[PDB]
Amino acid sequence: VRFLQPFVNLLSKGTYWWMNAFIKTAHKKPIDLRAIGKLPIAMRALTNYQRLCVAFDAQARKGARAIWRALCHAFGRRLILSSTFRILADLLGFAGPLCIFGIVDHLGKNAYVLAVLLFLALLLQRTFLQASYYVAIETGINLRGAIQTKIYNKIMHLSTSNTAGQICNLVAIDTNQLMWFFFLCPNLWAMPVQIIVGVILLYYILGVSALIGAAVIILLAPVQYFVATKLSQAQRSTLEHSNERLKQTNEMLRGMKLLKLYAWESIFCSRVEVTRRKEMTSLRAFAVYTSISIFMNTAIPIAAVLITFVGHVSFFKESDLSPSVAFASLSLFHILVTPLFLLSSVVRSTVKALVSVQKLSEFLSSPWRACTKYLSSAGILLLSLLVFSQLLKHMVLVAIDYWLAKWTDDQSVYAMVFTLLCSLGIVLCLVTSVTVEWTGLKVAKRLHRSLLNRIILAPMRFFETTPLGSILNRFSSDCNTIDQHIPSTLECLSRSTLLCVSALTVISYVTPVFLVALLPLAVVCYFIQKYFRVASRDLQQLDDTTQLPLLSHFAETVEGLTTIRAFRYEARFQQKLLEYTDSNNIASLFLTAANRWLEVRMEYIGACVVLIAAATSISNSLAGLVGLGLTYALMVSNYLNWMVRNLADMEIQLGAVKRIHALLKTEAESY
Ligand SMILES: CCOc1cc(CC(=O)N[C@@H](CC(C)C)c2ccccc2N2CCCCC2)ccc1C(=O)O
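Counted the way the entry's author numbering counts, the sequence shown spans residues 215 to 276, 283 to 329, 354 to 406, 413 to 616, 997 to 1039, 1060 to 1272, 1278 to 1326.
What follows is the structure, given as structure tokens:
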């Protein structure tokens, strides 16, 4: 047992301090199934299975509702403990904007004490938030173990009269949707509370104009939900053509010998290219919806701030905009963004796992070179336009946030220039979104065409030596990755890095002394990031590689069920399944603990940054520039952990482009 998360004092339970030792070891020598621990007794497949079966007996003494109530009876204590942590973290995160309000109101007219209390509340709030995430993940994984064991125990008893692939994917995707509903279940209860208290605080701060602002920002959640629905629709319509193109590529690759013998390769390649053109026609709509999602997500808050402040000053002829009031409202808008954006995802996952539990009831009742090659496939025109648009968009963003400070203290001219710059910002953001999506599409097209052509020209000895599985897998999974994940992830990594650099630039321009303190933290940040990455890579690979046995086992058990029951070998196979699912659970649990460790450390670095910025700016001013620095240093932590998550998410996905280009360089016959 090397997963001693339950077995430490509450502080290291809260800051995942034990993981430190592990991660340090995991940096020197690679991670093996001997280095990762064995799960505690509290979280085993047998322990959670027996807990769930006791809950099921209790519910049967008193269908889908039966399964939901049994899952409640079995995991509700920990589910509501995670929900408590999450709601306390939500309220203590709201404790930030009003504190910025108090600080800027003091110094524009008790300030240092407000700054240190902001620091303390921020530190405690981020710790509680990460602990909430962790408890939700742990109870979700325990539920996955119990449900896997239960559906396997049901596979054992079912009759020979009865769909093996259905059971295999019921273990593969339906239990997954259930576990992810349990991952996001605290959010389902704590996002409405968050949004309500946010709108209430905004109203209390800004009078009546804040309600117009909060309505405009809330108008983001339904639009995001509609966009996500259209995106899944386009996803299915793309998967159709992708499956047909895959079958055609498999035809071309099985009979490559005969084709090359009579030189029919070019005509079959042309047919595959026609199918690829149809799939690209569908991918265009998919990318349009993805671009609309990115643009709405970034542009609804800009317009919300614009309408709020302008209508507050001109239309309402309302209170004069003071720095404290304005920047408190801005911080509350930034705190309001994320719940409004992710509420659609929470609801969609909720209905998805509801369907999954209904189905389970019905069943149970019976790499820099890769980046260089990818960017070079785009061309200098699209790459230059993309980089210029990203940089100028973030410049316009910081520009409007600074014009806010200069606004606070000819008010018509200020309002007009603020409106002009917000329009410039939304146009520039739409440009950067459409450009990243167009670049993604163009690179996918070029890379796929070159790959197909370069394996058409491949010699026969190459095909005899190379496994057919790999040549098909490059077109099957990696071209899919380049088609779907690389555009969005590259765009979001660009946004995360540029927003982080922008925030540090803002709080350095407000506070010239913070720069001196930036370099230590910078170093710390770097180190942590580095170590996390290596650990997070190993674990991730391990977590994937242990899932293939499990599903495989399920498949086998469904195929040779009558033989296993004839042998009376049922207990041995249930034992093998418990061992496989325990390997998978320990892998996923250590992966999530490493994630929690990194996000806790990055949030603590963000807390130190906000404390330094608050202290030094309140000092130098003892006005609106202090509020600017305060907001940006307040939220640097999100940019930081989002950017490191996106970098980890970026390298793995870029490995696919790397190996596509690797296969692209095979020898060609001088035809
Ligand atoms: C903050 C990321 O850590 C997690 C967090 C969770 C639980 C969780 O409340 N998630 C929120 C995101 C946070 C920022 C609110 C969420 C809500 C809706 C849809 C997706 C998501 N997401 C979950 C996948 C990655 C981020 C978007 C699970 C798993 C993880 C994880 O380490 O993988």
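By construction, the Cβ of each residue, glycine as well, lies at the ideal position given by its N, Cα and C atoms.
- Collapsing the DSSP output to three states places residue 1107 in coil.
- Counting only the Cα atoms, residue 1197 lies some 20 Å from residue 1222.
- If you ignore the 5 residues before and after residue 237, its C-beta comes within less than 6 Å of the C-beta of 1181, 1185, all in its own chain and listed in chain order.
- Under the DSSP assignment, residue 241 falls in the alpha helix (DSSP H) whose first and last residues are 232-242.
- In this structure, the CA atom of residue 250 is about 35 Å from the CA atom of residue 1133.
- A contact between stretches requires three or more CB pairs, one per stretch, nearer than 8 Å, and the stretch 1104-1116 fails this requirement with the stretch 593-610.
- Counting along the chain, residue 288 sits inside the alpha helix (DSSP H) bounded by residues 284-314.
- The C-alpha of residue 1167 is placed about 45 Å away from the C-alpha of residue 476.
- In the assembly as shown, residue 401 is an exposed residue. Its beta-carbon has fewer than 16 other beta-carbons within 10 Å.
- In the three-state reduction of the DSSP assignment, residue 1278 falls in the coil class, being assigned neither a helical nor a strand state.
- Not a single heavy atom of ligand 1 lies less than 7 Å from the C-beta of residue 585.
- Short of 7 Å from the beta carbon of residue 376, and not among the five residues preceding or following it, lie these beta carbons of its own chain, in chain order: 302, 305, 306, 309, 436.
- Residue environment: residue 514 is assigned as exposed (fewer than 16 neighbouring CB atoms within 10 Å of its CB, all protein chains considered).
- Taking C-beta separations shorter than 8 Å and ignoring five residues to either side along the sequence, the partners of residue 471 in its chain run 590, 591, 593, 594, following chain order.
- Of the residues 496, 423, 428, 1075, the one whose Cα lies closest to the Cα of residue 292 is 428.
- One thing to note: residue 395 has its Cβ within 8 Å of the Cβ of residue 614.
- When the beta-carbon positions are compared, residue 1169 and residue 1244 stay at least 8 Å from each other.
- The stretch 560-568 and the stretch 1093-1107 do not touch, with fewer than three beta-carbon pairs separated by less than 8 Å.
- Taking a C-beta distance under 8 Å as the contact criterion, residue 1259 and residue 1149 do not qualify as a contact pair.
- In the three-state reduction of the DSSP assignment, residue 1119 falls in the helix class, which pools H, G and I.
- Every residue whose beta carbon comes nearer than 6 Å to a heavy atom of ligand 1 appears here in chain order: 377, 380, 381, 433, 434, 437, 592, 595, 596, 1242, 1245.
- At least 8 Å separates the beta-carbon of residue 1307 from that of residue 1251.
- Cα atoms of residue 221 and residue 269: separation of roughly 26 Å, rounded to the nearest angstrom.
- With a 10 Å radius around the Cβ and a threshold of 16 neighbouring Cβ atoms, residue 1249 comes out buried.
- In the assembly as shown, residue 1066 is an exposed residue. Its beta-carbon has fewer than 16 other beta-carbons within 10 Å.
- Between residue 431 and residue 481 the beta-carbon gap is near 20 Å, outside 8 Å, which marks them as no contact.
- Between the C-alpha atoms of residue 505 and residue 1290 there is a straight-line separation of about 57 Å.
- Around the beta carbon of residue 497, a 10 Å sphere encloses fewer than 16 other beta carbons of the protein chains shown; the residue is thus reported as exposed.
- Counting along the chain, the unbroken alpha helix (DSSP H) around residue 392 starts and ends at 355-401.
- Residue 542 holds the alpha-carbon nearest to the alpha-carbon of residue 479 among 455, 434, 542.
- Annotation for residue 1158: 1164, 1165, 1168 place their beta carbon closer than 8 Å to its own, counting only its chain and skipping 5 residues before and after.
- Around the beta-carbon of residue 570, fewer than 16 other beta-carbon atoms lie within 10 Å, marking it exposed.
- A residue is called buried once 16 or more other Cβ atoms fall within 10 Å of its Cβ, and residue 555 is buried on that count.
- Between the alpha carbons of residue 1194 and residue 1255 lies a distance of about 31 Å.
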